[PDB]
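Let us start with two forms of the same protein chain, each given on its own as C-alpha coordinates and named structure 1 and structure 2.
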Structure 1
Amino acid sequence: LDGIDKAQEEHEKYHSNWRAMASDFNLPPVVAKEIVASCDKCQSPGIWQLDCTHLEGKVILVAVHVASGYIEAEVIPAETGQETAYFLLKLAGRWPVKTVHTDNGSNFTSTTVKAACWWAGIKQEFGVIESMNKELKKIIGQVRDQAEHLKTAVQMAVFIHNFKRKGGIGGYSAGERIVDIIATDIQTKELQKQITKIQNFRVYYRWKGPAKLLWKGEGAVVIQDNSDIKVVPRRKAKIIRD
(Lines of atoms letter the chains of each structure in order from A and count residues from 1; the text may use other names and numbers.)
(Lines give C-alpha, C1' and ligand atoms only; values in the text may rest on other atoms or scores of the structure.)
Protein backbone atom coordinates (compact mmCIF):
# COMPACT_ATOMS: atom_id res chain seq x y z
CA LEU A 1 0.00 0.00 0.00
CA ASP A 2 0.92 3.70 -0.17
CA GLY A 3 2.50 3.12 -3.58
CA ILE A 4 -0.46 3.37 -5.94
CA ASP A 5 0.41 6.95 -6.92
CA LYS A 6 3.98 5.87 -7.67
CA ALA A 7 2.63 3.03 -9.81
CA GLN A 8 0.40 5.44 -11.74
CA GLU A 9 3.29 7.85 -12.31
CA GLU A 10 5.58 5.04 -13.47
CA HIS A 11 2.89 3.76 -15.83
CA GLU A 12 2.44 7.24 -17.30
CA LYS A 13 6.20 7.77 -17.71
CA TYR A 14 6.92 4.26 -19.07
CA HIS A 15 3.62 2.49 -19.91
CA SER A 16 5.12 -0.64 -18.36
CA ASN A 17 3.17 -3.88 -18.16
CA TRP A 18 1.31 -4.74 -14.97
CA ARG A 19 3.97 -7.28 -13.97
CA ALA A 20 6.72 -4.65 -13.89
CA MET A 21 4.69 -2.27 -11.73
CA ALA A 22 3.53 -5.05 -9.40
CA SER A 23 7.08 -6.33 -8.88
CA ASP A 24 9.00 -3.05 -8.70
CA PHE A 25 6.55 -1.30 -6.35
CA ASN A 26 5.38 -4.46 -4.52
CA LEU A 27 1.66 -4.18 -5.24
CA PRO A 28 -0.98 -6.92 -5.51
CA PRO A 29 -1.38 -8.05 -9.13
CA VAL A 30 -5.09 -7.19 -9.07
CA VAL A 31 -4.33 -3.56 -8.19
CA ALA A 32 -1.69 -3.24 -10.92
CA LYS A 33 -3.99 -4.91 -13.46
CA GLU A 34 -6.74 -2.42 -12.61
CA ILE A 35 -4.29 0.48 -12.89
CA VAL A 36 -3.03 -0.56 -16.32
CA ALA A 37 -6.55 -1.35 -17.54
CA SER A 38 -7.88 2.09 -16.56
CA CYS A 39 -5.69 4.02 -19.02
CA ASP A 40 -7.48 3.67 -22.36
CA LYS A 41 -4.49 4.80 -24.43
CA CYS A 42 -2.12 2.15 -23.05
CA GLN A 43 -4.63 -0.65 -23.75
CA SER A 44 -1.00 -18.03 -27.84
CA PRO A 45 0.43 -20.30 -25.11
CA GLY A 46 -2.03 -23.06 -26.02
CA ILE A 47 -1.72 -22.98 -29.83
CA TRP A 48 -0.16 -25.87 -31.74
CA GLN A 49 0.60 -26.54 -35.41
CA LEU A 50 0.21 -30.09 -36.75
CA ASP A 51 1.71 -31.48 -39.95
CA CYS A 52 2.76 -34.73 -41.60
CA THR A 53 6.20 -35.10 -43.18
CA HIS A 54 7.69 -38.10 -44.97
CA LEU A 55 11.09 -39.72 -44.61
CA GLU A 56 12.41 -43.12 -45.74
CA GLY A 57 8.93 -44.04 -46.93
CA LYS A 58 7.43 -43.44 -43.48
CA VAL A 59 4.98 -40.85 -42.15
CA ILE A 60 6.05 -38.62 -39.25
CA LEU A 61 3.35 -36.61 -37.48
CA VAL A 62 4.88 -33.43 -36.03
CA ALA A 63 3.33 -30.99 -33.55
CA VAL A 64 4.93 -27.60 -32.88
CA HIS A 65 4.18 -25.30 -29.96
CA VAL A 66 4.27 -22.01 -31.84
CA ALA A 67 5.15 -19.71 -28.95
CA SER A 68 8.04 -21.89 -27.76
CA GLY A 69 9.25 -24.03 -30.66
CA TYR A 70 8.81 -27.16 -28.53
CA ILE A 71 8.33 -30.21 -30.76
CA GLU A 72 6.53 -33.54 -30.38
CA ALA A 73 6.96 -35.97 -33.28
CA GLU A 74 5.96 -39.59 -33.83
CA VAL A 75 6.25 -42.09 -36.67
CA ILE A 76 2.74 -43.32 -37.49
CA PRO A 77 1.99 -46.55 -39.41
CA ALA A 78 -0.37 -44.71 -41.78
CA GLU A 79 -1.56 -41.15 -42.38
CA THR A 80 -5.10 -41.89 -41.23
CA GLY A 81 -7.62 -40.11 -39.05
CA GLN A 82 -7.35 -42.71 -36.29
CA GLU A 83 -3.59 -42.26 -35.89
CA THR A 84 -3.89 -38.47 -35.88
CA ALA A 85 -6.70 -38.61 -33.32
CA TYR A 86 -4.64 -40.84 -31.03
CA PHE A 87 -1.60 -38.57 -31.36
CA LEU A 88 -3.66 -35.46 -30.62
CA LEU A 89 -5.34 -37.10 -27.63
CA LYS A 90 -1.91 -37.96 -26.22
CA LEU A 91 -0.61 -34.43 -26.79
CA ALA A 92 -3.67 -32.93 -25.10
CA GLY A 93 -3.25 -35.26 -22.14
CA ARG A 94 0.38 -34.20 -21.77
CA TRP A 95 0.20 -30.44 -22.50
CA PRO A 96 -2.54 -27.78 -22.21
CA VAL A 97 -3.49 -27.80 -25.89
CA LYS A 98 -6.18 -25.22 -26.70
CA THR A 99 -5.93 -24.75 -30.48
CA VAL A 100 -4.47 -26.80 -33.33
CA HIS A 101 -3.57 -25.44 -36.78
CA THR A 102 -3.51 -27.89 -39.70
CA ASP A 103 -3.19 -27.80 -43.50
CA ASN A 104 -6.56 -29.28 -44.57
CA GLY A 105 -5.21 -32.78 -45.18
CA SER A 106 -7.76 -35.57 -45.22
CA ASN A 107 -6.51 -37.06 -41.94
CA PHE A 108 -6.83 -33.74 -40.12
CA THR A 109 -10.33 -33.13 -41.51
CA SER A 110 -11.47 -36.65 -40.57
CA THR A 111 -14.42 -37.08 -38.20
CA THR A 112 -12.09 -39.00 -35.87
CA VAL A 113 -9.89 -35.95 -35.37
CA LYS A 114 -13.01 -33.82 -34.90
CA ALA A 115 -14.24 -36.18 -32.17
CA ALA A 116 -10.83 -36.14 -30.49
CA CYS A 117 -10.77 -32.34 -30.54
CA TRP A 118 -14.31 -32.20 -29.16
CA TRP A 119 -13.57 -34.53 -26.24
CA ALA A 120 -10.27 -32.79 -25.44
CA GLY A 121 -11.92 -29.37 -25.85
CA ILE A 122 -9.56 -28.31 -28.64
CA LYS A 123 -10.38 -25.78 -31.37
CA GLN A 124 -9.28 -26.56 -34.93
CA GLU A 125 -8.53 -23.85 -37.48
CA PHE A 126 -7.45 -24.71 -41.02
CA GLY A 127 6.43 -20.78 -42.11
CA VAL A 128 7.18 -22.07 -38.62
CA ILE A 129 5.96 -25.59 -39.41
CA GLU A 130 8.01 -26.02 -42.60
CA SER A 131 11.21 -24.69 -41.02
CA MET A 132 10.58 -26.92 -38.01
CA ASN A 133 10.23 -29.94 -40.28
CA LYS A 134 13.44 -28.93 -42.04
CA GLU A 135 15.35 -28.77 -38.75
CA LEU A 136 13.83 -32.05 -37.57
CA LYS A 137 14.97 -33.74 -40.78
CA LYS A 138 18.44 -32.26 -40.26
CA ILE A 139 18.69 -33.67 -36.73
CA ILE A 140 17.28 -37.03 -37.85
CA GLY A 141 19.94 -37.19 -40.55
CA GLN A 142 22.62 -36.35 -38.01
CA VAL A 143 21.50 -39.09 -35.58
CA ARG A 144 20.29 -41.73 -38.05
CA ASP A 145 23.53 -43.68 -37.63
CA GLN A 146 23.08 -44.17 -33.86
CA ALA A 147 19.72 -45.96 -34.24
CA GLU A 148 18.30 -48.97 -36.07
CA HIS A 149 14.69 -47.91 -36.75
CA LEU A 150 13.32 -44.58 -37.92
CA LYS A 151 11.04 -44.09 -34.90
CA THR A 152 13.96 -44.26 -32.47
CA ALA A 153 15.84 -41.69 -34.54
CA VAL A 154 12.77 -39.44 -34.55
CA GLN A 155 12.54 -39.60 -30.76
CA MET A 156 16.27 -38.86 -30.47
CA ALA A 157 15.81 -35.86 -32.75
CA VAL A 158 12.90 -34.61 -30.64
CA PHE A 159 15.12 -34.93 -27.57
CA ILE A 160 18.02 -33.05 -29.18
CA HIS A 161 15.80 -30.26 -30.49
CA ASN A 162 13.81 -29.78 -27.29
CA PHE A 163 16.62 -30.00 -24.73
CA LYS A 164 20.05 -29.89 -26.44
CA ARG A 165 19.60 -26.97 -28.88
CA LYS A 166 20.07 -23.62 -27.14
CA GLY A 167 19.73 -20.26 -28.88
CA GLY A 168 17.79 -17.01 -28.86
CA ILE A 169 17.42 -14.01 -26.57
CA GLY A 170 18.54 -15.79 -23.40
CA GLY A 171 20.13 -18.95 -24.74
CA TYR A 172 17.40 -21.24 -23.40
CA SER A 173 16.15 -24.47 -24.95
CA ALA A 174 12.65 -25.06 -26.28
CA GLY A 175 11.70 -27.13 -23.24
CA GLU A 176 12.58 -24.35 -20.81
CA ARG A 177 10.80 -21.81 -23.01
CA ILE A 178 7.58 -23.83 -23.12
CA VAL A 179 7.73 -24.44 -19.37
CA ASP A 180 8.11 -20.69 -18.80
CA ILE A 181 5.29 -19.83 -21.21
CA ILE A 182 2.90 -22.33 -19.61
CA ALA A 183 3.84 -21.06 -16.14
CA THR A 184 3.07 -17.51 -17.26
CA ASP A 185 -0.25 -18.69 -18.70
CA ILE A 186 -1.11 -20.33 -15.37
CA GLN A 187 -0.27 -17.06 -13.62
CA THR A 188 -2.57 -15.21 -16.03
CA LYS A 189 -5.39 -17.70 -15.51
CA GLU A 190 -5.09 -17.39 -11.73
CA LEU A 191 -5.13 -13.60 -11.98
CA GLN A 192 -8.26 -13.72 -14.14
CA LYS A 193 -9.93 -16.16 -11.74
CA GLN A 194 -9.32 -13.89 -8.76
CA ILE A 195 -10.51 -10.85 -10.72
CA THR A 196 -13.71 -12.78 -11.45
CA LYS A 197 -14.07 -13.73 -7.78
CA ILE A 198 -13.48 -10.18 -6.53
CA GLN A 199 -15.44 -8.21 -9.13
CA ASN A 200 -18.77 -9.72 -8.00
CA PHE A 201 -18.76 -7.67 -4.76
CA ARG A 202 -19.25 -4.00 -3.91
CA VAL A 203 -17.73 -1.76 -1.22
CA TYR A 204 -19.17 1.21 0.66
CA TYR A 205 -16.46 3.25 2.38
CA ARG A 206 -16.88 5.93 5.05
CA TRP A 207 -21.62 6.57 3.38
CA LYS A 208 -20.33 7.04 -0.16
CA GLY A 209 -21.84 5.28 -3.15
CA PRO A 210 -21.03 1.79 -4.37
CA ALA A 211 -17.42 1.25 -5.43
CA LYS A 212 -15.53 -1.48 -7.25
CA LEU A 213 -13.67 -3.93 -5.02
CA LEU A 214 -10.04 -4.62 -5.93
CA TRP A 215 -8.20 -6.23 -3.01
CA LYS A 216 -8.91 -7.34 0.56
CA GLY A 217 -6.13 -7.43 3.15
CA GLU A 218 -5.61 -8.21 6.81
CA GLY A 219 -6.21 -4.60 7.83
CA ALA A 220 -6.40 -2.73 4.52
CA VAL A 221 -8.90 -2.76 1.65
CA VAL A 222 -7.98 -1.40 -1.79
CA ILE A 223 -10.91 -0.19 -3.90
CA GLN A 224 -11.59 1.87 -7.02
CA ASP A 225 -13.99 4.82 -7.25
CA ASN A 226 -14.50 6.73 -10.51
CA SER A 227 -11.15 5.78 -12.06
CA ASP A 228 -9.49 6.55 -8.70
CA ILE A 229 -7.86 3.85 -6.57
CA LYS A 230 -7.92 4.32 -2.80
CA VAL A 231 -6.98 2.47 0.39
CA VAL A 232 -9.47 2.30 3.26
CA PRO A 233 -9.34 0.42 6.59
CA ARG A 234 -11.64 -2.56 6.96
CA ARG A 235 -13.55 -1.04 9.88
CA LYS A 236 -14.52 1.96 7.74
CA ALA A 237 -15.57 -0.19 4.75
CA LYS A 238 -18.50 -2.57 4.27
CA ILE A 239 -18.32 -5.27 1.58
CA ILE A 240 -21.56 -6.70 0.18
CA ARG A 241 -22.74 -8.79 -2.77
CA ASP A 242 -25.18 -7.63 -5.45
Structure 2
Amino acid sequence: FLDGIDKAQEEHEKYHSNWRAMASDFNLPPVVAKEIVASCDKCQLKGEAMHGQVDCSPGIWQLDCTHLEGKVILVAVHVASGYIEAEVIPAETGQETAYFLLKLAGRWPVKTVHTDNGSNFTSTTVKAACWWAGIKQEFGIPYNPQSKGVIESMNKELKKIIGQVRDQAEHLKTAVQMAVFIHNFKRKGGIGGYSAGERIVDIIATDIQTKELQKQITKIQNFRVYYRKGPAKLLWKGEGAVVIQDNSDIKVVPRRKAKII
Protein backbone atom coordinates (compact mmCIF):
# COMPACT_ATOMS: atom_id res chain seq x y z
CA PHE A 1 0.00 0.00 0.00
CA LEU A 2 3.08 2.22 0.13
CA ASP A 3 2.40 3.98 -3.17
CA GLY A 4 -1.26 4.27 -2.22
CA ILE A 5 -0.13 5.73 1.10
CA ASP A 6 1.88 8.46 -0.65
CA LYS A 7 -1.05 9.30 -2.94
CA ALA A 8 -3.45 9.37 0.03
CA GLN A 9 -1.11 11.63 2.01
CA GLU A 10 -0.71 14.02 -0.93
CA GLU A 11 -4.49 14.11 -1.46
CA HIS A 12 -5.17 14.71 2.25
CA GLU A 13 -2.61 17.52 2.47
CA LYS A 14 -4.91 19.37 0.05
CA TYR A 15 -8.49 18.25 0.75
CA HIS A 16 -8.20 16.77 4.26
CA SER A 17 -10.39 13.81 3.34
CA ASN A 18 -11.96 11.70 6.05
CA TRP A 19 -10.76 8.13 6.48
CA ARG A 20 -13.62 6.66 4.43
CA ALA A 21 -12.84 8.78 1.36
CA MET A 22 -9.16 7.80 1.36
CA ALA A 23 -9.98 4.17 2.10
CA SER A 24 -12.32 4.09 -0.89
CA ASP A 25 -10.21 6.11 -3.34
CA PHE A 26 -6.77 4.59 -2.65
CA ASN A 27 -7.52 0.95 -1.74
CA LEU A 28 -6.41 1.47 1.79
CA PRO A 29 -7.23 -0.59 4.87
CA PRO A 30 -9.42 1.38 7.29
CA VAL A 31 -6.66 1.47 9.92
CA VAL A 32 -4.20 3.04 7.47
CA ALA A 33 -6.67 5.75 6.42
CA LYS A 34 -7.57 6.40 10.06
CA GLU A 35 -3.87 6.76 10.88
CA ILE A 36 -3.41 9.22 8.01
CA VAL A 37 -6.31 11.32 9.30
CA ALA A 38 -5.08 11.06 12.91
CA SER A 39 -1.60 12.29 11.95
CA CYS A 40 -3.05 15.58 10.64
CA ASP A 41 -3.12 18.44 13.13
CA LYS A 42 -5.74 20.31 11.08
CA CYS A 43 -8.29 17.49 11.41
CA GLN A 44 -8.48 17.28 15.23
CA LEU A 45 -11.53 19.47 15.77
CA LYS A 46 -13.87 17.34 17.88
CA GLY A 47 -13.93 15.93 21.40
CA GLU A 48 -15.36 12.67 22.68
CA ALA A 49 -19.15 12.62 22.91
CA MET A 50 -19.85 12.00 26.58
CA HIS A 51 -20.66 13.96 29.71
CA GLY A 52 -19.07 13.74 33.13
CA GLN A 53 -20.86 13.24 36.42
CA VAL A 54 -20.80 15.75 39.27
CA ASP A 55 -19.96 14.70 42.82
CA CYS A 56 -22.95 13.81 44.97
CA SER A 57 -21.59 13.39 48.49
CA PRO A 58 -24.03 14.53 51.22
CA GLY A 59 -21.83 17.52 52.12
CA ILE A 60 -21.58 19.02 48.62
CA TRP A 61 -23.30 22.34 47.89
CA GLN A 62 -23.40 24.25 44.60
CA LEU A 63 -23.70 28.05 44.64
CA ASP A 64 -24.50 30.45 41.81
CA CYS A 65 -25.84 33.93 41.16
CA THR A 66 -28.84 34.59 38.93
CA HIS A 67 -30.50 37.82 37.86
CA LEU A 68 -34.17 38.78 37.79
CA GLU A 69 -35.77 42.21 37.32
CA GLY A 70 -32.42 43.90 37.86
CA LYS A 71 -31.98 42.13 41.21
CA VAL A 72 -29.33 39.56 42.11
CA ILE A 73 -30.36 36.25 43.68
CA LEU A 74 -27.70 34.09 45.32
CA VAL A 75 -28.89 30.47 45.12
CA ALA A 76 -27.34 27.44 46.81
CA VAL A 77 -28.39 23.83 46.26
CA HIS A 78 -27.69 20.59 48.10
CA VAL A 79 -26.65 18.23 45.32
CA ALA A 80 -27.78 14.98 46.96
CA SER A 81 -31.34 16.14 47.73
CA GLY A 82 -32.14 19.16 45.56
CA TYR A 83 -32.81 21.32 48.63
CA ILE A 84 -32.27 25.00 47.88
CA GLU A 85 -31.61 28.30 49.62
CA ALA A 86 -31.95 31.67 47.92
CA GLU A 87 -31.39 35.27 48.97
CA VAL A 88 -31.92 38.53 47.12
CA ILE A 89 -28.66 40.40 47.69
CA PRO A 90 -28.02 44.11 46.98
CA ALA A 91 -24.79 43.45 45.06
CA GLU A 92 -22.47 40.69 43.85
CA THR A 93 -19.76 41.37 46.41
CA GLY A 94 -17.51 39.18 48.50
CA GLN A 95 -19.13 40.48 51.69
CA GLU A 96 -22.64 39.36 50.74
CA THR A 97 -21.51 35.97 49.44
CA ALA A 98 -19.40 35.37 52.56
CA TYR A 99 -22.36 36.26 54.79
CA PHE A 100 -24.68 33.98 52.81
CA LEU A 101 -22.27 31.05 52.96
CA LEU A 102 -21.53 31.57 56.66
CA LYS A 103 -25.26 31.59 57.45
CA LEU A 104 -25.78 28.47 55.29
CA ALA A 105 -22.94 26.62 57.04
CA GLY A 106 -24.51 27.30 60.43
CA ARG A 107 -27.81 25.76 59.34
CA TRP A 108 -26.68 22.61 57.49
CA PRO A 109 -23.49 20.52 57.52
CA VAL A 110 -21.67 22.11 54.56
CA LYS A 111 -18.38 20.40 53.66
CA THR A 112 -17.47 21.61 50.15
CA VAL A 113 -18.93 24.32 47.92
CA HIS A 114 -18.82 24.16 44.12
CA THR A 115 -18.92 27.55 42.40
CA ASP A 116 -17.71 29.10 39.16
CA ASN A 117 -14.92 31.70 39.00
CA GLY A 118 -17.11 34.76 39.48
CA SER A 119 -15.44 37.64 41.27
CA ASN A 120 -17.73 37.32 44.29
CA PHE A 121 -16.99 33.61 44.78
CA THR A 122 -13.21 34.04 44.43
CA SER A 123 -12.82 36.99 46.80
CA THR A 124 -10.57 36.77 49.85
CA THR A 125 -13.56 37.36 52.13
CA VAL A 126 -15.31 34.23 50.87
CA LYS A 127 -12.02 32.36 51.24
CA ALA A 128 -11.70 33.49 54.87
CA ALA A 129 -15.32 32.58 55.59
CA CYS A 130 -14.79 29.09 54.17
CA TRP A 131 -11.55 28.71 56.12
CA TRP A 132 -13.26 29.67 59.38
CA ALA A 133 -16.26 27.42 58.71
CA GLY A 134 -14.09 24.54 57.49
CA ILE A 135 -15.52 24.55 53.95
CA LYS A 136 -13.47 23.45 50.95
CA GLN A 137 -13.90 25.58 47.83
CA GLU A 138 -13.97 23.79 44.47
CA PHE A 139 -13.88 25.91 41.33
CA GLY A 140 -13.83 23.44 38.49
CA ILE A 141 -12.86 24.17 34.90
CA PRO A 142 -13.16 27.91 34.12
CA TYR A 143 -16.11 28.83 31.89
CA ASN A 144 -17.61 25.34 32.17
CA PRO A 145 -21.20 25.77 33.40
CA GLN A 146 -21.88 22.03 33.07
CA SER A 147 -19.76 21.39 36.17
CA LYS A 148 -22.45 23.31 38.09
CA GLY A 149 -25.37 21.88 36.15
CA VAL A 150 -27.35 21.09 39.30
CA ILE A 151 -27.39 24.67 40.56
CA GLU A 152 -27.87 25.94 37.02
CA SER A 153 -30.96 23.78 36.64
CA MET A 154 -32.20 25.01 40.01
CA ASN A 155 -31.85 28.56 38.71
CA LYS A 156 -34.27 27.65 35.92
CA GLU A 157 -36.63 25.91 38.33
CA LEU A 158 -36.47 28.74 40.86
CA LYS A 159 -37.30 31.37 38.28
CA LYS A 160 -40.15 29.24 36.97
CA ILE A 161 -41.73 29.08 40.42
CA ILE A 162 -41.23 32.82 40.88
CA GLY A 163 -43.17 33.42 37.68
CA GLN A 164 -46.07 31.57 39.29
CA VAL A 165 -46.07 33.50 42.59
CA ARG A 166 -44.88 36.98 41.59
CA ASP A 167 -48.48 38.22 41.64
CA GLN A 168 -48.91 37.09 45.26
CA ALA A 169 -46.04 39.25 46.56
CA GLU A 170 -45.30 42.96 46.39
CA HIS A 171 -41.49 42.58 46.44
CA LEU A 172 -39.08 40.20 44.74
CA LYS A 173 -37.51 39.02 48.00
CA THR A 174 -40.91 37.82 49.21
CA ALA A 175 -41.52 36.01 45.92
CA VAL A 176 -38.08 34.40 46.13
CA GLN A 177 -38.75 33.12 49.64
CA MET A 178 -42.17 31.83 48.54
CA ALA A 179 -40.50 30.02 45.64
CA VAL A 180 -37.95 28.48 48.01
CA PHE A 181 -40.79 27.31 50.26
CA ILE A 182 -42.73 25.83 47.33
CA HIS A 183 -39.72 24.01 45.87
CA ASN A 184 -38.57 22.65 49.22
CA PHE A 185 -41.95 21.47 50.54
CA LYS A 186 -44.66 21.65 47.84
CA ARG A 187 -43.08 19.68 44.97
CA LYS A 188 -42.73 15.91 45.27
CA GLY A 189 -40.73 13.58 43.06
CA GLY A 190 -37.23 12.25 42.63
CA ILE A 191 -35.78 9.06 44.07
CA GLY A 192 -37.98 8.58 47.13
CA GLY A 193 -41.11 10.37 45.98
CA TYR A 194 -39.95 13.08 48.38
CA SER A 195 -39.89 16.81 48.55
CA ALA A 196 -36.49 18.48 48.77
CA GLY A 197 -36.76 19.05 52.53
CA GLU A 198 -37.87 15.49 53.23
CA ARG A 199 -35.09 14.17 50.99
CA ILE A 200 -32.37 16.26 52.65
CA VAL A 201 -33.56 15.20 56.10
CA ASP A 202 -33.44 11.58 54.94
CA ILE A 203 -29.96 12.04 53.44
CA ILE A 204 -28.43 13.62 56.55
CA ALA A 205 -30.12 11.23 58.99
CA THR A 206 -29.11 8.24 56.87
CA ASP A 207 -25.53 9.49 56.74
CA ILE A 208 -25.21 9.79 60.52
CA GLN A 209 -27.13 6.56 61.23
CA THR A 210 -25.16 4.44 58.76
CA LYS A 211 -21.86 5.90 59.94
CA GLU A 212 -22.58 5.02 63.57
CA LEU A 213 -24.00 1.60 62.67
CA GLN A 214 -20.96 0.68 60.57
CA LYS A 215 -18.69 1.98 63.34
CA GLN A 216 -20.39 -0.40 65.78
CA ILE A 217 -20.21 -3.30 63.31
CA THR A 218 -16.50 -2.77 62.67
CA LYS A 219 -15.80 -2.42 66.40
CA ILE A 220 -17.60 -5.68 67.20
CA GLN A 221 -16.87 -7.76 64.08
CA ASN A 222 -13.09 -8.02 63.71
CA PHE A 223 -11.76 -10.74 61.41
CA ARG A 224 -8.92 -11.39 58.97
CA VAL A 225 -9.60 -13.08 55.63
CA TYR A 226 -7.03 -14.86 53.46
CA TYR A 227 -7.95 -15.31 49.80
CA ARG A 228 -6.08 -17.04 46.96
CA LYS A 229 -2.42 -13.13 50.07
CA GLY A 230 -2.04 -11.11 53.26
CA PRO A 231 -4.47 -10.52 56.15
CA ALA A 232 -7.22 -8.64 54.35
CA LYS A 233 -9.87 -7.04 56.55
CA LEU A 234 -13.30 -8.65 56.35
CA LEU A 235 -16.01 -6.28 55.15
CA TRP A 236 -19.09 -8.39 54.44
CA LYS A 237 -19.59 -12.16 54.24
CA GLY A 238 -22.86 -13.46 52.84
CA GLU A 239 -24.83 -14.92 49.92
CA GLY A 240 -21.91 -17.10 48.86
CA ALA A 241 -19.56 -14.15 48.46
CA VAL A 242 -17.06 -12.23 50.57
CA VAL A 243 -16.36 -8.52 50.17
CA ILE A 244 -12.94 -7.68 51.62
CA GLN A 245 -10.42 -4.83 51.54
CA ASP A 246 -6.83 -5.80 50.70
CA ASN A 247 -4.32 -2.94 50.43
CA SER A 248 -6.83 -0.10 49.96
CA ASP A 249 -8.76 -2.10 47.34
CA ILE A 250 -12.30 -3.20 48.21
CA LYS A 251 -12.82 -6.37 46.16
CA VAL A 252 -15.50 -9.06 45.93
CA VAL A 253 -14.45 -12.72 45.91
CA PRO A 254 -16.41 -15.98 45.89
CA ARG A 255 -16.87 -17.76 49.19
CA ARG A 256 -14.49 -20.43 47.89
CA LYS A 257 -10.76 -19.74 48.28
CA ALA A 258 -11.44 -17.57 51.34
CA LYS A 259 -10.59 -18.47 54.94
CA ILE A 260 -11.80 -16.25 57.80
CA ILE A 261 -9.88 -16.01 61.07
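Take the two forms, find the largest set of C-alpha atoms that superpose within 1.5 Å, and that set is the rigid core. Numbers follow structure 1, counted from its first residue as 1.
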Indicate whether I195 shows a C-alpha shift of 2 Å or more between the two structures, with the rigid core used for the fit. yes
Once the core is aligned, please say if the CA of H65 is shifted by at least 2 angstroms between the two structures. no
Once you overlay the rigid core, does the Cα of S38 travel 2 Å or further between the two structures? yes
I186: how big is its Cα shift between the two structures, in Å, with the core superposed? 1.3
After superposing on the rigid core, what is the C-alpha displacement of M156 between the two structures, in Å? 0.2
